[PDB]
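Q: Chains as they are written, first to last, in this note's numbering: chain Z, 1 to 70; chain U, 1 to 488; chain F, 1 to 257; chain D, 1 to 187. All C-beta atoms, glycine included, are put in the ideal place defined by N, C-alpha and C.
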Amino acid sequence: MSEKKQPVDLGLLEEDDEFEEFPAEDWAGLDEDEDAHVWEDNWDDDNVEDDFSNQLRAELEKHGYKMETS
Amino acid sequence: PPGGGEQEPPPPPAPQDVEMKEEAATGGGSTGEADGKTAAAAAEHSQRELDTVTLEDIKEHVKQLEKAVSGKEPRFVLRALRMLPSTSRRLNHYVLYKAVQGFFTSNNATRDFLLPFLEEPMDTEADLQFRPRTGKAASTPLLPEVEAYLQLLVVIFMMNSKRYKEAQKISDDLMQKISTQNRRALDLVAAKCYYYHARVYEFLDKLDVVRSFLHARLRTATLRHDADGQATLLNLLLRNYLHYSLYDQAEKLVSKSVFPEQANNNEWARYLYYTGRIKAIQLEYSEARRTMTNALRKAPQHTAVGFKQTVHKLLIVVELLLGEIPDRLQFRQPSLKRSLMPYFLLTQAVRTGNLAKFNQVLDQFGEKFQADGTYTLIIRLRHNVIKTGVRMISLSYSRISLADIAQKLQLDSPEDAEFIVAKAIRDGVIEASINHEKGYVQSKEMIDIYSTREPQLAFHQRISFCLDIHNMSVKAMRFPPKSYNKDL
Amino acid sequence: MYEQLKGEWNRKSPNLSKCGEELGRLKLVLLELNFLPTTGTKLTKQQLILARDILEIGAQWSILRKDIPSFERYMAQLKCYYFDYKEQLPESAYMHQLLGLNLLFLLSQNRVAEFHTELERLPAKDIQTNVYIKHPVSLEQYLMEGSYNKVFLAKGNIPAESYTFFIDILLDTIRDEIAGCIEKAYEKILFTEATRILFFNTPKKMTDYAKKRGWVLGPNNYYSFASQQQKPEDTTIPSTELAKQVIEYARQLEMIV
Amino acid sequence: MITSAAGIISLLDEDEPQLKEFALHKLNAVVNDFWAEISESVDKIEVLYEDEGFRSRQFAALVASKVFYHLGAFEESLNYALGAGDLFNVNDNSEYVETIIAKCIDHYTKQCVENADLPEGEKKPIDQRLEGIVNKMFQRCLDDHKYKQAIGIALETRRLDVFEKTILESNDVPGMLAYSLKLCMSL
Numbered sequence: 001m002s003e004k005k006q007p008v009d010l011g012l013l014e015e016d017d018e019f020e021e022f023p024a025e026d027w028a029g030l031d032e033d034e035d036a037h038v039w040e041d042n043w044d045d046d047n048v049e050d051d052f053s054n055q056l057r058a059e060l061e062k063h064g065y066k067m068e069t070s
Numbered sequence: 001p002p003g004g005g006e007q008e009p010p011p012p013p014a015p016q017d018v019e020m021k022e023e024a025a026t027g028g029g030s031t032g033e034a035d036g037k038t039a040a041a042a043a044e045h046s047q048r049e050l051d052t053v054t055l056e057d058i059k060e061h062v063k064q065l066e067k068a069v070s071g072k073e074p075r076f077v078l079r080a081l082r083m084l085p086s087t088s089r090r091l092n093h094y095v096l097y098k099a100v101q102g103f104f105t106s107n108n109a110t111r112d113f114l115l116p117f118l119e120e121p122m123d124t125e126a127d128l129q130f131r132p133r134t135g136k137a138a139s140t141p142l143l144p145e146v147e148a149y150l151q152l153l154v155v156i157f158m159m160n161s162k163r164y165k166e167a168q169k170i171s172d173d174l175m176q177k178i179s180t181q182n183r184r185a186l187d188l189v190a191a192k193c194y195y196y197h198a199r200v201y202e203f204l205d206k207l208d209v210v211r212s213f214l215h216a217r218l219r220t221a222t223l224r225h226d227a228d229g230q231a232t233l234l235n236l237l238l239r240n241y242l243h244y245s246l247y248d249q250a251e252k253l254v255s256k257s258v259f260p261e262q263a264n265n266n267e268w269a270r271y272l273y274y275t276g277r278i279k280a281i282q283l284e285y286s287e288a289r290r291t292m293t294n295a296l297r298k299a300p301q302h303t304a305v306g307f308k309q310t311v312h313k314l315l316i317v318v319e320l321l322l323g324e325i326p327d328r329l330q331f332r333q334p335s336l337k338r339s340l341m342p343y344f345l346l347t348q349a350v351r352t353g354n355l356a357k358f359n360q361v362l363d364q365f366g367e368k369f370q371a372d373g374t375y376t377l378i379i380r381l382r383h384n385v386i387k388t389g390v391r392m393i394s395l396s397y398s399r400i401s402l403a404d405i406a407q408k409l410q411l412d413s414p415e416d417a418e419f420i421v422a423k424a425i426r427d428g429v430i431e432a433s434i435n436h437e438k439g440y441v442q443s444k445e446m447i448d449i450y451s452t453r454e455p456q457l458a459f460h461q462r463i464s465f466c467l468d469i470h471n472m473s474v475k476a477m478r479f480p481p482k483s484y485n486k487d488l
Numbered sequence: 001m002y003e004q005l006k007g008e009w010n011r012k013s014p015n016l017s018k019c020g021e022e023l024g025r026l027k028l029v030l031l032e033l034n035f036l037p038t039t040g041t042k043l044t045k046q047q048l049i050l051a052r053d054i055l056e057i058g059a060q061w062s063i064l065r066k067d068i069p070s071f072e073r074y075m076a077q078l079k080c081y082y083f084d085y086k087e088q089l090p091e092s093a094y095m096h097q098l099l100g101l102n103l104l105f106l107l108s109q110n111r112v113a114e115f116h117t118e119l120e121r122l123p124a125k126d127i128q129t130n131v132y133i134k135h136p137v138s139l140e141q142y143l144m145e146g147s148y149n150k151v152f153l154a155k156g157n158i159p160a161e162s163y164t165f166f167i168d169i170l171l172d173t174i175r176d177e178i179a180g181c182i183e184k185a186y187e188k189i190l191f192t193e194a195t196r197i198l199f200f201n202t203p204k205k206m207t208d209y210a211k212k213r214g215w216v217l218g219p220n221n222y223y224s225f226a227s228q229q230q231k232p233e234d235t236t237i238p239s240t241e242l243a244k245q246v247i248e249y250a251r252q253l254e255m256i257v
Numbered sequence: 001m002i003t004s005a006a007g008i009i010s011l012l013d014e015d016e017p018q019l020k021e022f023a024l025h026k027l028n029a030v031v032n033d034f035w036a037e038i039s040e041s042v043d044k045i046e047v048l049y050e051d052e053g054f055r056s057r058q059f060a061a062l063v064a065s066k067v068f069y070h071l072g073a074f075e076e077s078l079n080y081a082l083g084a085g086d087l088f089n090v091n092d093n094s095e096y097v098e099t100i101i102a103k104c105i106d107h108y109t110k111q112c113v114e115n116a117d118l119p120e121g122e123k124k125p126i127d128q129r130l131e132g133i134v135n136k137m138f139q140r141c142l143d144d145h146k147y148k149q150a151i152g153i154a155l156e157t158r159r160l161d162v163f164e165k166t167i168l169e170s171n172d173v174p175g176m177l178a179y180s181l182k183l184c185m186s187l
């Protein structure tokens, strides 16, 4: 049919009318580091990145202190 | 006054040529194509009419045409009327009535002349001979034009268009079952009608009329159908069954019949998403995963973007149930991206699986995914967290500690450790060895693949199934060359 | 209308042989009174919703007498007045009570997939702050946990609501599966964990399950046999069906030719 | 009226048939709505049909005969439309009645070809109500004959006295014998 795409796209225009170019520019803050970098790698890098965005992000600086303590 | 007054009679005089040329091209192309033998040549205008419909779905047609452009509305087909022979003076008339509106002006209006659209369908639609194909080829394209802008009391005008549609053709028909190319057209044409004022239907009403008749019209085809249009009429029934049916003793496995040759190069995808949406509530892990991902991968023609966010979103919604959640990886379009822009923090919050934090995280910014309705598979997710996390424990080492991995699973007791690990053991999805020598629980955790482990029996079935798919594809390169050399 | 019916209605009758006469009596009165919902003239909602109510409390004594085909009979007939087109039907205060025992019945009969597809209609936000509105689905998410310890500690967390014995009907009808899955016994399991996981000191599990499982009972251990013992195939019969595959490859490759 | 009612299943699974009978009556209204909700009670309908305990074999065999062609083969529907015994049924333009007399006529003349090559010995029984509802709609065509299909079906039915009543009231009798032999040498 593809006319049932129309109310789903009315939902999409409501989603784009939630925030008007606030997520395109702010998420483009991450996209400008992420544009033209292959985003299959950005899922692994986003995976371990968001995994370590909580804690122990760099952590290789700490392993030299983990030598004498462990 | 000079700005739009000088550019007013300029812009307009441009969709007139392509719409009149289009209706003469597909009208005279359809009648002039299948006129002699409609029964021999079939479905040649199937892709033509649907591609014109999807070609006119993105019409920017009426923006200013409420003001003094409405001469196109009282004019219509007017081809070869009032007498089937001696149409040469009517060949003069074709230029005449188009030329009358081109001398000075025309008395025009929008909402007055709607109801006497049945003046010619009382006596002669076009010719008194090709009345079915010229009747639907006359009426059915122009009804979404005037019944476009469904809002602003055109819903009642849509009801007038409904009863005119049924009243001339689809109350029963003029000849029950036409049994020609316009019967096969009238399947998806009448379907498309019912989808079009299905917005009128669900707008205020619900299931309680033409949908209940559509089972009788669904079986009035005699059964001898290829059932393509019968399947399209089934799709509105199943989408009607999406929002609230929940009973499974009819449509689920009962509606499941012969599974006819139902192709359309769209209807596999959207039919399959519909049955995967309803088969997604019992949490199908094997079947709906692969075939609903397949239905995501179908319909590449017009967009792969704007609609497949729904089969995609539902797909990853049921994919994170299994512990392994693949994100948006290989497809780059900023529609699915904004679709998962709320979903990203929680779908990355699947794998680490922290109970008390992510329980707050879901409902915390939960606006639209928890306003999407009744919190069902997310409420199964809320205790699926520790099951997918302990499935990652199954992807980790064997022995279960009482402090390290019990504390790590936020679950600090001897009983519940072996108990809920044992709830993963009663699944059968894993491989584990329940042993108590000193009280510690072992597992052999053998994830060894069938490489040097019964390979013949293992990809035995892979050989048979794969060769059947490749060899029915060999049938699919045998028979369409028969469909090439058939005409010559 | 035809008579009062309210004398023995609220009268909590221990004897249901008295209620069988009133019950089939109401079958004889409602026998002409159009069991199917009737939207004609719309003032029949009084007798149709009171007919709903007497089939509701008649279903209550139908489970008090513990009659299973009668139970799905009265629930399948009460759905018809629950599921109707007119939303002018006022909601029973005991409607969610009886639907909650319907969820009890679905988990009791192990039809729980149809519970899971039934889960869309029930959070309609009528109350949602009463504990019984949330109770069978929370108990079922405990089932998807499998956690019976929280259920067993949660036995007295239900108030003086009199269906805790019906919850005990559920606990008594799931211990076949809980005890069966804990005695699934892939390698072997020892008795002293079955001291805690298996139930109280009355030895009914080792009595009934010695005649149900019919296994070997060793020196204070629970033994597991017939586990991954199977000898692999001869490869000859699958070579014959592979030969039939070769026949069908000569067929499907070369039939029309 | 109803769509998803399963109380009608439990009433169909119930004795004291004075409650069964109007339940089946209200089932015959909602059958075109849902034949697949009846698909689970097909077994109980068959059980109350096969015995002669329940009094109406055609209220059973009509329901089963109208749910089978919605479910499966037209043979199994046909065995209960033809096996419904005496059926008081007017001619209607409804799909159900014309399909069951359609497959009835088709399988009837199927039997007539199956026994047209066997004049004697091992003759298969043909129930007489089949002859009645074939010749009832057939003679219903032969109110005026419609000047064509009397000899056509009369050759298709392979039966002996079916065509002497056609030529009794027949206009342009050499037109009917020449039209007749014209069809006969063309087959």
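Measure the alpha-carbon distance for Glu68(Z) versus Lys62(Z) and round it to whole angstroms.
A: Counting from one through the first sequence, the residue named residue 68(Z) turns up at place 68. Counting from one through the first sequence, the residue named residue 62(Z) turns up at place 62. Using only the alpha carbons, I get a separation of about 11 angstroms.
Q: How would you list, in chain order, the residues of chain F whose beta-carbon sits under 8 angstroms from the beta-carbon of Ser77(D)?
A: On the fourth sequence, position 77 is the one that residue 77(D) refers to. Near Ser77(D) there are no residues of chain F at all, since even the closest Cβ is about 26 angstroms away, more than 8 angstroms.
Q: Shorter than 8 angstroms from the beta carbon of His215(U) to some beta carbon of chain D?
A: Here residue 215(U) refers to the residue found at position 215 when the second sequence is read from its first residue. For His215(U), the answer is yes, since a Cβ of chain D falls inside 8 angstroms of its Cβ.
Q: Please state whether DSSP places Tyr222(F) in a helix, a strand or coil.
A: Position 222 of the third sequence, counted from the start, is the residue given in the question as residue 222(F). Of the three classes helix, strand and coil, the one that applies to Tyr222(F) here is strand, per DSSP.
Q: Rounded to a whole number of angstroms, what is the C-alpha to C-alpha distance between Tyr273(U) and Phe203(U)?
A: Position 273 of the second sequence, counted from the first residue, corresponds to residue 273(U). Position 203 of the second sequence, counted from the first residue, corresponds to residue 203(U). The straight-line gap from Cα to Cα measures roughly 23 angstroms.
Q: Assuming contact is defined by CB atoms lying nearer than 8 angstroms, are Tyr82(F) and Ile49(F) in contact in what I supplied?
A: Here residue 82(F) corresponds to residue number 82 of the third sequence, with the count starting at 1. Here residue 49(F) corresponds to residue number 49 of the third sequence, with the count starting at 1. Cβ distance not < 8 angstroms, so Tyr82(F) and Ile49(F) don't count as in contact.
Q: According to DSSP, simplified to helix, strand and coil, what is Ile197(F)?
A: Counted from its first residue, the third sequence places residue 197(F) at position 197. In the structure shown, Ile197(F) sits in a helix (DSSP, three-state: H, G or I).
Q: Helix, strand or coil for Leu101(F)? Go by DSSP, reduced to three states.
A: For the purposes of this step, residue 101(F) is taken as residue 101 along the third sequence, with counting starting at 1. Reduced to three states, the DSSP call for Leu101(F) is helix.
Q: Smallest Cα separation from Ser396(U): which of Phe369(U), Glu445(U), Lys357(U) and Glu73(U)?
A: Walking along the second sequence from the start, residue 396(U) turns up at place 396. Nearest C-alpha to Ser396(U): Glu445(U).
Q: Counting only beta-carbon atoms, is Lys313(U) nearer than 8 angstroms to chain F?
A: Taking the first residue of the second sequence as 1, we reach residue 313(U) at position 313. Closer than 8 angstroms: no.
Q: Can you grab the Cα-Cα spacing for the pair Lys408(U) / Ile63(F), in whole Å?
A: If you number the second sequence from 1, residue 408(U) lands on position 408. If you number the third sequence from 1, residue 63(F) lands on position 63. Their backbone Cα atoms lie some 46 angstroms apart in a straight line.
Q: Does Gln230(U) come within less than 8 angstroms of chain D when only Cβ atoms are used?
A: Within the second sequence, numbered from 1, the residue matching residue 230(U) stands at position 230. Closer than 8 angstroms: no.
Q: Could one say the Cβ of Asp9(Z) lies closer than 8 angstroms to chain U's Cβ atoms, at least one of them?
A: On the first sequence, position 9 is the one that residue 9(Z) refers to. Yes, contact with chain U.
Q: Buried or exposed for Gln230(U), going by 16 or more other Cβ atoms inside 10 Å?
A: The sequence position of residue 230(U) within the second sequence is 230, counting from 1. Looking at its Cβ environment, which holds 16 or more other Cβ atoms inside 10 Å, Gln230(U) is buried.
Q: Measure the C-alpha to C-alpha separation of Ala51(F) and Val67(D) and round it to an integer number of angstroms.
A: As a working mapping, residue 51(F) is identified with position 51 in the third sequence. As a working mapping, residue 67(D) is identified with position 67 in the fourth sequence. When rounded, the distance between both Cα atoms is 31 angstroms.
Q: Considering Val151(F), what are the terminal residues of the alpha helix (DSSP H) in which it resides?
A: Translated into positions along the third sequence, residue 151(F) becomes position 151. Per DSSP, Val151(F) belongs to the alpha helix (DSSP H) from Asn149 to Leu153.
Q: Can you give the beta carbon distance from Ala73(D) to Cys104(D), rounded, assuming they're within the 8 angstroms contact cut?
A: The sequence position of residue 73(D) within the fourth sequence is 73, counting from 1. The sequence position of residue 104(D) within the fourth sequence is 104, counting from 1. The Cβ separation is near 14 angstroms, so there is no contact.
Q: Could you tell me the alpha carbon to alpha carbon distance between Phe138(D) and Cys112(D), rounded to whole angstroms?
A: Locating residue 138(D) in the fourth sequence gives position 138, where the first residue counts as 1. Locating residue 112(D) in the fourth sequence gives position 112, where the first residue counts as 1. When rounded, the distance between both Cα atoms is 15 angstroms.
Q: Report all residues from its chain with a CB closer than 6 angstroms to the CB of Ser170(D); omit the five preceding and five following residues, and keep chain order.
A: Counting from 1 along the fourth sequence, the entry for residue 170(D) is found at position 170. These residues qualify, in order along the chain: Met176.
Q: I need the straight-line Cα distance from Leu28(F) to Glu431(U), nearest angstrom please.
A: Position 28 of the third sequence, counted from the start, is the residue given in the question as residue 28(F). Position 431 of the second sequence, counted from the start, is the residue given in the question as residue 431(U). Taking the straight line joining both Cα atoms gives about 60 angstroms.
Q: Just grab the DSSP bridge partners of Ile189(F) for me.
A: In the third sequence, counting from the first residue as 1, residue 189(F) sits at position 189. Per DSSP, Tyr222(F).
Q: Determine whether the beta carbon atoms of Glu33(U) and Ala43(U) lie at a separation below 8 angstroms.
A: For the purposes of this step, residue 33(U) is identified with residue 33 of the second sequence, where counting begins at 1. For the purposes of this step, residue 43(U) is identified with residue 43 of the second sequence, where counting begins at 1. Cβ atoms of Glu33(U) and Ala43(U): not closer than 8 angstroms.
Q: Can you pull out the residues from the stretch 31-65 of chain D whose beta carbon lies closer than 7 angstroms to at least one beta carbon of chain F?
A: Residues: none.
Q: Using a Cβ cut-off of 8 angstroms, which residues of the stretch 232-248 of chain U contact any Cβ in chain F, in chain order?
A: Taking 8 angstroms as the Cβ-Cβ cut-off against chain F, the residues of the stretch 232-248 of chain U that qualify are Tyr244, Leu246 and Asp248.
Q: For the candidate residues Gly85(D), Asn79(D), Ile167(D) and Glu95(D), whose alpha-carbon lies nearest to that of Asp144(D)?
A: For the purposes of this step, residue 144(D) is identified with residue 144 of the fourth sequence, where counting begins at 1. If we check each option's Cα against that of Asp144(D), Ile167(D) comes out closest.
Q: What does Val441(U) pair with, by DSSP beta-bridge criteria?
A: For the purposes of this step, residue 441(U) is identified with residue 441 of the second sequence, where counting begins at 1. Looking at the DSSP assignment, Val441(U) forms a beta bridge with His436(U).
Q: Is the distance from the Cβ of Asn235(U) to the Cβ of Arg277(U) below 8 angstroms?
A: The residue given as residue 235(U) occupies position 235 in the second sequence. The residue given as residue 277(U) occupies position 277 in the second sequence. Not in contact: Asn235(U) and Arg277(U) (Cβ atoms no closer than 8 angstroms).
Q: On the three-pair Cβ rule with 8 angstroms, is the stretch 150-162 of chain U touching the stretch 187-206 of chain U?
A: Because the criterion of three Cβ pairs below 8 angstroms is met, the stretch 150-162 of chain U and the stretch 187-206 of chain U touch.
Q: In terms of residue numbering, what span does the alpha helix (DSSP H) encompassing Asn10(F) cover?
A: Within the third sequence, the letter at position 10 stands for residue 10(F). Per DSSP, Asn10(F) belongs to no alpha helix (DSSP H) and is neither H nor E.
Q: Taking any Cβ of chain Z, which residues in the stretch 311-345 of chain U have a Cβ under 7 angstroms from it, in chain order?
A: Residues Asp327, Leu329, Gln330, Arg332, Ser335, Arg338 and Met341.
Q: Leaving out the 5 sequence neighbours to the left and right, which residues in its chain are closer than 7 angstroms to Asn220(F) when beta-carbon positions are compared?
A: For the purposes of this step, residue 220(F) is identified with residue 220 of the third sequence, where counting begins at 1. Same-chain partners within the cutoff: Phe191.
Q: Between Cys181(F) and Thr207(F), what straight-line distance do the alpha-carbon atoms span, to the nearest angstrom?
A: Here residue 181(F) corresponds to residue number 181 of the third sequence, with the count starting at 1. Here residue 207(F) corresponds to residue number 207 of the third sequence, with the count starting at 1. The straight-line gap from Cα to Cα measures roughly 18 angstroms.
Q: Quick one: list the residues of chain F neighbouring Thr374(U), beta-carbon separation under 7 angstroms, in chain order.
A: The sequence position of residue 374(U) within the second sequence is 374, counting from 1. Here the neighbours are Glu120 and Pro123.
Q: Quickly, what does DSSP pair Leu217(F) with across the bridge? List them, please.
A: Working through the third sequence from its first residue, we reach residue 217(F) at position 217. Its beta-bridge partners are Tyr222(F).
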